[PDB]
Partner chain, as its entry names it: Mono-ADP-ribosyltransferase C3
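Shown below, as structure tokens, is a lone chain in the form deposited without its partner chain; questions about how it binds or moves come after it.
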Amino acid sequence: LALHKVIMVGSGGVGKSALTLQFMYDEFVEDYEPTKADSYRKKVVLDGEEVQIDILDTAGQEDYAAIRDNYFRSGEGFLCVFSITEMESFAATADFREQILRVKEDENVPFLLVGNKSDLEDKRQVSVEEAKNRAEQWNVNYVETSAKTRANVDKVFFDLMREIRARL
């Protein structure tokens, strides 16, 4: 089977683990240990082909840069997650982008910019327009998700797999 290696990145509390666990187990999990990194694997049928997805749910606790870089180097595609309710998490996405680019050396690395917590529109701090503009600058797609309602959760993982499939 094809094995699509996805890495979740983004600053704290944006929904990396909630997105992962919604995708994996169809549950909205709200208290998942913020410092716990873990990997997940499951079989999925991608455009009719049975494949395996491997998801590395990073937690930013590998502060030792060689280790963090090794984790990123193993990834084939990235979900770069921020929370639409925390502007500082959107600002932080630039750092994850640079980190990935330093390691993968490929500006076309499979990569989605993911604005999570789309069910909290009344708490939005990051405009759709400014996030789309950043994605356009990076030539990546922008998708807004809700790990709570499941909105676009399958989409971000499947579309990222489609980029891995096409590009590698």
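Numbering follows the first chain given and starts at 1. Residues that one form lacks are left out of the comparison. In this text, the rigid core denotes the largest set of C-alpha atoms whose superposition between the two forms falls within 1.5 Å.
Another form, the form deposited with its partner chain bound, is not on view; read the next lines as being about it.
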(message) Does any part of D63 reach within 4.5 Å of its partner chain in the deposited bound form? Heavy atoms only, please.
(response) yes
(message) At 4.5 Å between heavy atoms, is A59 in contact with its partner chain in the deposited bound form?
(response) yes
(message) Even though the partner isn't displayed, in the deposited bound form is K104 close enough to its partner chain, meaning a heavy atom within 4.5 Å?
(response) no
(request) Decide whether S11 counts as a contact residue for its partner chain in the deposited bound form under a heavy atom distance cut-off of 4.5 Å. (result) yes
(message) Is it true that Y71, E86 and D95, all three, sit within 4.5 Å of its partner chain in the deposited bound form, judged by heavy atoms?
(response) yes
(message) Pick out the residues of 25-55 whose heavy atoms come within 4.5 Å of its partner chain in the deposited bound form.
(response) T35
(request) Please find the residue from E130, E49, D38, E62 showing a Cα shift of 2 angstroms or more between this form and the one not shown, rigid core superposed. (result) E62
(message) At 2 Å or more of Cα shift, core superposed, where are the runs of at least three residues that differ between this form and the one not shown?
(response) 61-63
